[PDB]
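Numbering follows the deposited numbering, in which position 81 of the sequence shown is assigned residue number 81; successive positions increment by one, without gaps.
One structure is given below, encoded as structure tokens.
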Amino acid sequence: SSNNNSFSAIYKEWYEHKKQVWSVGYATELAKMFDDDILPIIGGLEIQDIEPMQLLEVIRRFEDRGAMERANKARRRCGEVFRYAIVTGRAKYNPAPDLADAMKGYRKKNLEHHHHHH
Numbered sequence: 001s002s003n004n005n006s007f008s009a010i011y012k013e014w015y016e017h018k019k020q021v022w023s024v025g026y027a028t029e030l031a032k033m034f035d036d037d038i039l040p041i042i043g044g045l046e047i048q049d050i051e052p053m054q055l056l057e058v059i060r061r062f063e064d065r066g067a068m069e070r071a072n073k074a075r076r077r078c079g080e081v082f083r084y085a086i087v088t089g090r091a092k093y094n095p096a097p098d099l100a101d102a103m104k105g106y107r108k109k110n111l112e113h114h115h116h117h118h
């Protein structure tokens with residue numbers, strides 16, 4: 001965590017806030033799985049300074065294991081934290097739309113077997 005705008009910092013605030021909504025055991029391990037996969041990717045980065053492909057790399061992390069719901073849940077909670085950062089006045093713009101663009105454009109790296117053009 002470099003600055004106060006670091007993802008982990010804001011995540012903790014949001015986490016401890018949501019901790020009063022979710023079950024304690026659920027909340028703890030929810031953070032645990034988020035920390036386990038997200039932290040190596042974008043955890044120590046600034047929420048405003050996160051690369052579009054890095055957020056997609058988080059989704060990549062879960063999707064490649066087959067965890068489709070969890071990959072989408074990552075995107076969900078990340079965007080949820082992005083939202084929280086906008087509310088607290090840390091970020092004005094969040095690369096949430098960029099996540100979608102990166103996920104879409106990623107099919108230009110993972111090629112098909114036949115294309116839609118000739």
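Where a beta carbon is used, it is the ideal one built from N, C-alpha and C, also for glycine.
Three-state secondary structure assigned by DSSP to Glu-46: If DSSP states are grouped into helix, strand and coil, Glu-46 belongs with the strands.
Residues near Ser-1 by beta carbon distance below 7 Å, same chain, minus five either side: Exclusion of the five residues before and after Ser-1 leaves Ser-8, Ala-9, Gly-44 as the residues of its chain whose Cβ lies within less than 7 Å of its Cβ.
Three-state secondary structure assigned by DSSP to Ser-6: Annotated three-state conformation of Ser-6 is strand, per DSSP.
Assigned secondary structure, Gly-66 (DSSP; H/G/I helix, E/B strand, else coil): If DSSP states are grouped into helix, strand and coil, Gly-66 belongs with coil.
Range covered by the alpha helix (DSSP H) that runs through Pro-97: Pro-97: member of the alpha helix (DSSP H) spanning 96 to 105, first to last residue.
C-alpha distance - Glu-69 paired with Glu-80, whole-angstrom precision: Inter-residue distance for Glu-69 and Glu-80 is about 16 Å (C-alpha atoms, whole angstroms).
Beta-carbon gap between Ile-59 and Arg-83 smaller than 7 Å: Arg-83 sits away from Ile-59, with the two beta carbons spaced by 7 Å or more.
Distance CB(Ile-47)-CB(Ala-91) smaller than 7 Å: Taking the C-beta atoms as reference points, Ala-91 is found nearer than 7 Å to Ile-47.
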